Each structure stands twice: as C-alpha cells, then as structure tokens.
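*Asks:* The structure follows.
There are 2 protein chains.
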Amino acid sequence: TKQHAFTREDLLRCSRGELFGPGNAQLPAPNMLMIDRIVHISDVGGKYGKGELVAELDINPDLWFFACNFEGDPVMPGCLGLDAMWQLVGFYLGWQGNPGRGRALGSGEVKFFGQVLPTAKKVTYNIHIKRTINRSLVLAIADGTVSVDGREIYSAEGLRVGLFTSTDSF
Amino acid sequence: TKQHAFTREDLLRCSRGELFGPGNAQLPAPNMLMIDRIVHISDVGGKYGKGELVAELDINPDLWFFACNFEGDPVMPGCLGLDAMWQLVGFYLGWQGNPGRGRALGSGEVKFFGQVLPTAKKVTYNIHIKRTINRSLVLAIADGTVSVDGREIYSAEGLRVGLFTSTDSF
Ligand SMILES: CCCCCCC[C@@H](O)CC(=O)SCCNC(C)=O
Ligand SMILES: CCCCCCC[C@@H](O)CC(=O)SCCNC(C)=O
C-alpha cells in the first residue's frame, strides 16, 4: 500500500508477473491492457470510505479496436472500458498485499450512456472500493465510472474480482 | 427474419455492412468479433417465448487473447464473452429488419463462475430475447449464458443493445 501512483512501465511489469511476484495478481498485457497509468490509488476515501483509484487511458485514432469496431463506425468497445474497471479492482487486491491470480467474477448494473471516439484524448476511470474480504477467499466489490475528456459515459455497480492461488475450480 | 443459421463468412459480410446494408447493424470485425457461427436464430421460443439465438465460438490455443490474458496464465477475457452476448443481441435487432447502428447500453447482473482455457474446444452462447421496442427507440433486452464444452460458465441478465440512426446522441 506504499506507492500511490503507477506509470505504464509499472503496469507492464505487473502484466509480466514482475510487480507482485510468483502466483500473484497480473494485469493483462497489450492488447487487452486498458490502462496507461494509475494516477492515484489509496485504501482510504472514495464513496464508501474504503479506498479508491483514479486511472487513465490515452486515446488516439490508431488504437487497434477502432479499426474493427466497427468498420466505418469506429467506437471503443464498451466491454474494454468495463474490463479496465475489473483490471483496476484486481490490481487493488494485489496492491493491498493479497496473494493469488485474478479472475473477474462479474458486476451488478452496467450502463453505457456515452461513447469514446477516436478523436478523444483521454479516458479516466474512477473506482470506489465498497468492500474487501481476505479471510478465506480474496474478494473485492467496487463501483466504477468511465469518463472521456471530462464527460461521464459509463458506470458499473458491484464490480466483483477475486484473487486465487489455484484457478482449477473455474 | 428468414435465414435461421449464419456461417462465419456471413458474419464477416455483416461486419462489412453488407448483410443489413450501409448505416445498419454491423458486427465487429476480427479481432473484436467473438462469434464464428450463428447456429439458430428465431423470433419465437426461448425462455420468454420472445425469441432466441444459439451461437458458437471455436476455441484453439492460438487465439490472440490467450497470449496477453494473462502471460503464463491464459484465460479468455470474461469481457469478450460478455461482448459476444451484446454482439448477438445487436445482430438480432438487425435481423428483425430495424435500421441503424448498434451500441451496447449495458446489462443487469453479470456472473463469471467458470473459465475458458486454451485447451477448450467450443464456446456456446445462448441468448433469450426478453423484450424489443421497435417504435421510437429501437431497443432489445435479453438474458444470456455462455458455456464451454457443455459446461455453463457465464450469465448475464438484462443485456441491453440499441440501434441508432444517429450516434451523435452518444
Ligand atoms: C492485476 C490484476 C488484474 C486481475 C483482473 C483482470 C481483469 C479481468 O477482466 C480479466 C479476467 O479476469 S479474464 C477471466 C474472467 N473470469 C473467469 C472466471 O474466467
Ligand atoms: C450487430 C452487433 C452490433 C451491436 C452491439 C455490438 C457489440 C457491442 O459490444 C459493440 C458496442 O456497442 S461498442 C460501444 C458501446 N456503447 C457505447 C454507447 O459506447
């Protein structure tokens, strides 16, 4: 819980298993990695007073998903903005000092009410930690929002991610 | 509303705007496309009696997302399986004859309670259309499940996808 911001290089180190070590939380590597940086992470404050993260993804027209999603109608997939939020909540669990590899477990309501176009400059994620367990199973529940250049465009309530020292139950 | 099965080639045609026509519903192209084939699509039956789709994705170890998600611990992104269910619900709106381009609007509860490993053979999607509106807003509400080689692994309730003849709304 020592560092309160991470650079892209740190996130890529995490993707290689080199931030949290053997058997522990990894972020997806490119091209599934949906975060460039965590500008702030803490175990206090946020909407429930149980911690929060603020992170960013830089947008430019050349990001791979614009060319296929859709042809002649480029828009960032909503599911990748949602994955950034599961990615962040997983990271938080590792950052707190819990062992195990991440698996998203789901969410309550997800809403997409705006879009990221290839003319956008920056997407900002806000994550509010609602509750963590680490007696027994390791589990985080969180709410999140996605904003593009100042404008709220997605929300997710009850994001759930687990860390697992064995993933043969799945 | 007359063809009931669609091959990968038909789905790739759809990604180019050539199944439902220009300005109308498109699937994503690879690598965001998460369906190889629609085995069945109907506007009757299913859990609500208001329509259903059954669709498949073939799994092999060389699919692109396995290398990066995660490194040394391959597993299909839940977010892409979810997107497959949004992709299918959008397809159903296009298949019904409605004009306009697709956008996922969200879902109620998403649960991931098992995983697709690179040794799996085939992912099956089941979509049960719950409600469609085709006056004013064009909107579909659906439930879905994802299975892998017979085993149920994901669920989503209240998948929502809209068709938009203008997307500057978003
Ligand atoms: C640094 C820590 C990151 C852990 C969270 C990564 C974001 C998830 O969306 C990726 C999966 O969980 S893909 C597998 C989805 N779940 C199952 C049960 O297969
Ligand atoms: C024929 C299939 C097209 C309908 C839905 C395709 C699958 C969706 O996941 C893609 C988006 O909607 S990406 C944009 C998410 N929504 C907004 C408002 O940004």
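Residue numbers (the authors' numbering), protein chains in the order written: chain C, 2 to 171; chain D, 2 to 171. Ideal Cβ positions, reconstructed from N, Cα and C, are used throughout, including at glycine.
1) Return the residue from the list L118(C), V45(C), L94(C), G18(C) that minimises the CA-CA distance to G82(C).
2) Would you say the beta carbon of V76(C) is closer than 6 Å to some non-hydrogen atom of ligand 2?
3) With a threshold of 7 Å between beta carbons, is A85(D) in contact with chain C?
4) For chain C, check one thing: does any of its Cβ atoms lie closer than 7 Å to the Cβ of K112(D)?
5) Does any residue of chain D bring its CB to less than 7 Å from the CB of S137(C)?
6) Here's a check: name, in chain order, each residue in its chain whose Cβ is nearer than 7 Å to the Cβ of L138(C), leaving out the five neighbours to either side.
7) Give the interface partners of residue 1(D) over in chain C, defined as CB-CB distance under 9 Å, in chain order.
8) Shorter than 6 Å, the distance from the beta carbon of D84(C) to the closest heavy atom of ligand 1, or not?
9) From the DSSP output, in three-state form, read off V90(C) for me.
10) Between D74(D) and chain C, is there a C-beta pair that is closer than 7 Å?
11) Check whether the Cβ of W87(C) sits closer than 6 Å to any heavy atom of ligand 1, and report yes or no.
12) Does any residue of chain D bring its CB to less than 7 Å from the CB of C15(C)?
13) When you measure from the CB of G103(C) to every non-hydrogen atom of ligand 1, does any distance come out below 6 Å?
14) Secondary structure at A56(D), three-state DSSP: helix, strand or coil?
15) Quick one: using the 10 Å Cβ neighbour count with 16 as the cut-off for buried, is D84(D) buried or exposed?
16) In three-state DSSP terms, what is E158(C)?
17) Alpha helix (DSSP H) containing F171(C): first to last residue?
18) If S108(D) and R152(D) are in contact, beta carbons under 8 Å, what's the gap, nearest whole angstrom?
19) So the candidates are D144(C), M33(C), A56(C), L94(C); which of them puts its Cα closest to the Cα of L64(C)?
20) CB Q116(D) to CB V76(D), shorter than 7 Å?
21) Comparing alpha-carbon positions, which option in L28(C), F113(C), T120(C), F92(C) lies nearest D44(C)?
22) Whose Cβ in chain D lies nearer than 9 Å to the Cβ of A30(C)?
23) Residues of chain C with CB closer than 7 Å to the CB of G115(D), please, in chain order.
24) May I ask which residues mark the beginning and end of the beta strand (DSSP E) holding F113(C)?
25) Around the C-beta of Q4(C), are 16 or more other C-beta atoms found within 10 angstroms, so that it is buried, or is it exposed?
26) When DSSP labels each residue in this structure, what does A121(C) get in the three-state scheme?
27) What residues from chain D crowd round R132(C), counting only those whose CB sits closer than 7 Å?
28) For a quick check, are the C-beta atoms of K112(C) and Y49(C) less than 7 Å apart?
29) Anything in chain C within Cβ reach of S167(D), meaning under 9 Å, just list it in chain order.
30) In the structure shown, what three-state DSSP assignment does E153(C) receive?
31) Please determine, among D74(D), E10(D), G18(D), the residue with the shortest C-alpha to C-alpha distance to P100(D).
32) Could you check whether the Cβ of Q88(C) sits closer than 7 Å to any Cβ belonging to chain D?
33) Nearer than 6 Å: is that true of the beta carbon of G18(C) relative to any heavy atom of ligand 2?
34) Please list the terminal residues of the continuous beta strand (DSSP E) segment that includes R38(D).
*Replies:* Once the coordinates are examined:
1) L118(C)
2) yes
3) no
4) yes
5) no
6) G163
7) The structure shown does not extend to residue 1(D), since chain D is modelled only from 2 to 171, so the question has no answer here.
8) yes
9) helix
10) yes
11) yes
12) no
13) yes
14) strand
15) buried
16) strand
17) From DSSP, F171(C) is part of no alpha helix (DSSP H); its letter is neither H nor E.
18) Not really, about 22 Å apart at Cβ, beyond 8 Å.
19) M33(C)
20) yes
21) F92(C)
22) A68, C69, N70, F71, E72
23) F171
24) 111 to 113
25) exposed
26) coil
27) Correct list: empty, because the minimum Cβ distance to chain D is about 17 Å.
28) no
29) Under the 9 Å cutoff, chain C gives no residues; its nearest Cβ is about 12 Å from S167(D).
30) strand
31) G18(D)
32) no
33) no
34) 38 to 43
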